[PDB]
Each structure stands twice: as C-alpha cells, then as structure tokens.
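A quick write-up on the structure given underneath.
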Amino acid sequence: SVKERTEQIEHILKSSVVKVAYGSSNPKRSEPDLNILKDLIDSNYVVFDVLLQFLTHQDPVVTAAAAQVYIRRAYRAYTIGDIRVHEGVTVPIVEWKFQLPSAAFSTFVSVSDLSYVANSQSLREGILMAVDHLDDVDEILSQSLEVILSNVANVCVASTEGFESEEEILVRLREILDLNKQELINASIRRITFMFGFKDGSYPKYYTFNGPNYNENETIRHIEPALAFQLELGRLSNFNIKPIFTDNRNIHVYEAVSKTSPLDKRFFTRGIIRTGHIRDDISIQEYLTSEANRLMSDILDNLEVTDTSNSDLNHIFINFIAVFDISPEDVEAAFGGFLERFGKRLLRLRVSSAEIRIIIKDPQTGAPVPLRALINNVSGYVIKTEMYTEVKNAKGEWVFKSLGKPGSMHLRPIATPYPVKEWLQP
Ligand SMILES: [Cl-]
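The sequence shown maps to residues 1036 to 1143, 1156 to 1169, 1172 to 1197, 1218 to 1495 in the UniProt record's numbering.
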C-alpha cells in the first residue's frame, strides 16, 4: 500500500492540475480542482506519511496542489479561508488564512495552545514552505516571513542527510530559531513547526517551538499542531504534564503530577492509530483488536522500561482516526476481554483504566459517528466496559452518551479533566 498510495497520490495531484486535452499546452499557473482533491483531503486512510515528499516534488505546479491538501487536511477543525500560492526568492510559499469555531473537536481559539483564549471577536494566517534540506532553512525563512502573537508557520524538510542525532538536529533548529527570532516575532508567529517527511511509510516527525522565546513545545512533539486534539491534552489540566519521549512515535506518554498534591503521580499514555491499509480477508472487528493489541504491547513495554516510581492511576488512551464499517456492538465486541489478556502486566504497572475512541460509519446516513469505550479496572472484581457516543448537549459542549444503561460518565462533558486525589491535599 505504501507503494500503492505513494503512487495513488501522484496521479491525484497531477490530475487536479491538468485542465486540457492532448497536444494543446496547459496553463503555467493554474488552481487545482478541489472537487478532485477533495477525496484525498476527506480520506479515512492516512495521508501524511506519504504526502510530504510532493512538496519538494520537482514540478512547482503539483507542489502547490500538495500544499493545499496538507493544509486543508491538517486544518480540518478550522474554518479555512483562501489560499495564495506566492513565490519566494527561491522555493514557493503558500499562505492560508484560518480561524477556529467553538465546538471544533471533542474536547472544547486554538487546538494546540489551549491557553490561547480570545473574545467573541478575533485573524490568523499560516505559511507553508517546502525546503530540500535543513541547511536550506535559514536562507528561506527570513524572506518567507515577509508576506506579513497569532500566526502559524509550518516548515517541511525533505532531507536531513548529514545529520545524526536528533539532538544535533534540535540545536541546529534552535540556531535557526535564535537567528530569525525577532523576525518571526514581527510576523506574529505564535508557533513554528518543522516537519520531516519520509518515504518508507514512517509518519513524519514534528518539532514545534512557541511564543516570543521560541522554546520547543515538547508536549506535541510528533503531531501536526493543528490536529493535536487527537491527543486530547486539555483533559490533563489538573496535572503538571511532562513528556517522556519514546521510539514509537504513535505513542505519547506523559508524567503527570497533580498540581494540588505532589504525591498524586500518574502516567498518561495516549496512543494514536492511523490506518493506511486493511487486509481483504479479516473483519473490521478483527482489525481493531489486533492493532489495539499491538499498540497496548508497545505501550506496556515503554512503561516497563520507564521509571514509574510512585505512579498509581496510570491511564491509557487509544485513538483510532479512521472511519470503520463496523458496528457499535462489534466494536464493543473487539475489546471484550481486552485488558484481561494484559492483567498481570497492567497489575504490575498500576494501569487502572483505559479509554478507546473509535469512529463508525453510520449504516444509513453514511455519516461518521464517534464511540468511546471506557474500560475500568477499578472495583478490581471485574472489568466494566461502558460504551458511549459523543453528542452536543444543551450548552453546546460535546458530551458522553451511553449506548445502553447510563454509565459513570453518562452525560459528562468529554472535555472533563481527570479528577485528582484530593485526600492528599494539605
Ligand atoms: Cl494524515
């Protein structure tokens, strides 16, 4: 598939550009047909693993249809405006304008910086720039910013040949930052992101640095900031969070300490399952349960290497991003006995509960419907799985809605931060 989709894309991009029949030559600078690109933007399969390489595609005319797809699919939670394909000193530059609505996503003025609050009255621009190699950046960046804390810059980087440790790429990027610092600031760039594509099907890496001192935002290291909501970080707001980096980049583990009570330590792992290919043979239900399983294995191994000293209510959050043909009952099926298979490992590790998020193609409407399975180890006697949908309530906030008989969180708002151990308060 990684081959097939890598090719599948090429045809879709160039087919968006091409406007004319054989022999007559096509227009030098022409807009791409969004009806034709739409089926690549609104796709349930992964796209970002295979797409970045086409931003430094040879031709500058698909490069721009590549850009749009990226922007238009990263900013699925935003109200996107219009996009201009500019032309820099060297490589092209793409500018999109955008703004965020008030129920954009499950846990509700920006997605990645939850402290960016604005009134009922706010103006937000973004740059996309492709580069070929990290050395290219410094020259490109300053000129690029000129098309002018509220803006956003995403920089793609087609190669890092001649680099070894991340950490040496990190302080390269820090150099590049601290040399353009005041110039980034003048473009009111709130958050800039370097995104390194790949070819064998690995998911891009992401580095993001914020604010006036462009220090790295560790908490959203390998996720496009626009989609960081898939991590649902807001729900950790009663804890001082800190990442623990891992070799699996679909996995974001965080040490949490209740601000209120330094003795309430936990680890929240939040894994993400994008999907690029399902096998013909197997059921959907069968697919959900292997990767869930896989992911929980990879997850458990990291905790069984990390120092989980006085942790207690350790928590796992698996997030599927695709849409699936399956049924709520079949979904619930798949996670029957899900943890039990891990009982001794979850026991030794103090993992008390796990939450899965799946989306279901509605049989009739064909529209996507979000489920949560909340599995709770507590009351150790048995494991209860409570199944919800997500619904907008009276107030306008997304909310759990049980599938059967009311559950623990039957109409709680999905954004509810995990409660703290209060009895540990002085
Ligand atoms: Cl993607």
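Cβ coordinates follow ideal geometry from the N, Cα and C atoms, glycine included.
- Looking only at its own chain, which residues have a Cβ that is under 7 Å from the Cβ of residue 1052, when we skip the five neighbours before and after it? 1065, 1067, 1096, 1097 and 1100
For ligand 1, is there any heavy atom lying closer than 7 Å to the beta carbon of residue 1318? no
Just grab the DSSP bridge partners of residue 1131 for me.
-> 1118 and 1175
Check: What residues in its chain sit with their C-beta under 6 Å from that of residue 1170, if we drop five residues either side in the sequence?
Finding: No coordinates exist for residue 1170 in the structure shown, because the numbering of the chain passes directly from 1169 to 1172.
ask   = Is residue 1221 near ligand 1, in the sense that its beta carbon is under 7 Å from a heavy atom of that ligand?
value = Distances from the CB of residue 1221 to the heavy atoms of ligand 1 are all 7 Å or more.
Exercise. Between residue 1362 and residue 1352, what straight-line distance do the alpha-carbon atoms span, to the nearest angstrom?
Worked result: Here the C-alpha atom of residue 1362 lies approximately 15 Å from the C-alpha atom of residue 1352.
Worksheet item: Over what stretch of residues does the alpha helix (DSSP H) that includes residue 1279 continue unbroken?
Response: Looking at the DSSP string, residue 1279 is not in any alpha helix (DSSP H); the run it does join, the beta strand (DSSP E), is 1274-1279.
How is residue 1250 classed by DSSP in three states: helix, strand or coil? helix
Whole angstroms is fine: what's the gap from residue 1175's alpha carbon to residue 1223's?
8 Å
_Let's test the definition: count the other Cβ atoms within 10 Å of the Cβ of residue 1495 and tell me whether it reaches 16, buried, or not, exposed._
exposed
Helix, strand or coil for residue 1404? Go by DSSP, reduced to three states.
Residue 1404 carries a coil assignment under DSSP once its states are collapsed to helix, strand and coil.
Quick one: grab the DSSP three-state call for residue 1397. Here residue 1397 sits in helix by DSSP.
Under the three-state DSSP convention, the category residue 1361 falls into: helix
Meets three-Cβ-pair contact criterion under 8 Å: the region 1413-1422 and the region 1381-1394: yes
ask   = Based on Cα-Cα distance, which residue from 1189, 1261 and 1055 lies nearest to residue 1220?
value = 1261
Considering only the alpha carbon of each residue, which of 1281, 1335, 1442 and 1314 lies closest to residue 1407? Among 1281, 1335, 1442 and 1314, the Cα nearest to that of residue 1407 belongs to 1442.
**Message:** Quick check: the Cα distance between residue 1462 and residue 1197, rounded to an integer number of angstroms?
**Reply:** The straight-line gap separating the alpha-carbon atoms of residue 1462 and residue 1197 is approximately 40 Å.
Among residues of its own chain, excluding the 5 on either side of residue 1477, which ones have a beta-carbon nearer than 8 Å to its beta-carbon?
1443, 1445 and 1455
Practice task
Tell whether a beta-carbon distance below 8 Å holds between residue 1044 and residue 1089.
Solution key: yes
With DSSP as the reference, identify every bridge partner of residue 1459, one or two as the case may be. Note: residue 1459 is bridge-paired with 1469 in the DSSP secondary-structure output.
Using only CA atoms, which one of 1471, 1076 and 1490 lies nearest to residue 1329?
1490
Handout entry: Classification of residue 1240 by the beta-carbon crowding that lies within 10 angstroms, buried from 16 upward
Key = exposed
Among 1331, 1324 and 1403, whose alpha-carbon lies nearest the alpha-carbon of residue 1376? 1324
- For residue 1186, which of 1165, 1140, 1245 and 1231 has the nearest alpha-carbon? Nearest of 1165, 1140, 1245 and 1231 to residue 1186, Cα basis: 1245.
Taking DSSP as the reference, what is the three-state secondary structure of residue 1047?
-> Helix at residue 1047.
Self-check item: Sheet register partners of residue 1321 (DSSP bridge)
Solution: Residue pairing by DSSP puts residue 1321 in a beta bridge opposite 1339.
**Asked** How big is the Cα-Cα spacing for residue 1432 and residue 1393?
**Response** If you take the alpha carbons of residue 1432 and residue 1393, they lie about 11 Å apart.
* Quick one: is residue 1269 buried, meaning 16 or more other Cβ sit within 10 Å of its Cβ, or exposed? -> So residue 1269 ends up on the exposed side.
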